[PDB]
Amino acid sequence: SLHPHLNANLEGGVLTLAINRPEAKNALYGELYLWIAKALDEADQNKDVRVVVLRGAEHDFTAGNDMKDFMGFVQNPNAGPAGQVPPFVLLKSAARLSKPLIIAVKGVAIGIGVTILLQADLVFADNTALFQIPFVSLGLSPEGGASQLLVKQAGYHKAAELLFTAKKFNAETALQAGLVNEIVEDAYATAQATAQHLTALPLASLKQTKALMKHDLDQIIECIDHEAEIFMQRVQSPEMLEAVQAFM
């Protein structure tokens, strides 16, 4: 389906999904998380798509959860299963994509801008990238399976430093922690050349290799869901509501 703030282009088996909400530096709201999730789900069924590239359209990847949206949410929270709240739907859609998923990062990549990297196979950034996992300082808790995936990808000590302190960090830190594969001059051209190289390789080899690497997908999904339950406890906490009420 066509929707604002998300451009899709398919050429030579490469599907490029580009977040395009510059007025807000690509902050994500409820329905945009779902539109991105649906596009991933449809790409995986589309026989003309072999590789997906997800990035921003321009100078930023994502400023994270839209704060205006978030404050309306805290005052009227989704009462359904925590795992069906929009950001967890996107993160699971990404985790389950059977085809290679490449992400290219410029500028801000905050919250979900970091945890979605843990669902991608390859990540390229340039030196303008500025990352943060702000969940602790917002009064929230991990999402995207990061309590387990970031410990595995970065090592326990580094994962605890980025999660506990909630600090901003640069591309060299993200590269040392294994969140980014390489820092390059043109993140978007590199992501596109890599995607073209992958479409020239056998689809079945790629699909099977990825399926073996992700043999524990069911447990990853379980981790995302159980995190989501704890995350909603924090979203619904009395202290969160008072703080939003004041702010508003």
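One rule holds for the numbers: they count along the sequence shown, beginning at 1.
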Pick between 77-85 and 149-157: the one whose mean CA B-factor in the entry is higher.
77-85
Of 106-114 and 67-75, the stretch with the higher mean C-alpha B-factor in the deposited entry is 67-75
Among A191, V180, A200, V184, the highest C-alpha B-factor in the PDB entry belongs to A200
Looking at the temperature factor on the CA atom of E172, which third of the chain's modelled residues does it land in?
lowest
Please place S137 in the lowest, middle or highest third of its chain by C-alpha B factor as given in the entry.
highest
Ranked against its chain, the third holding the CA B-factor of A43:
highest
Lowest, middle or highest third: where is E143 by C-alpha B factor in its chain?
highest
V52 - which third its CA temperature factor falls in, relative to the rest of the chain
lowest
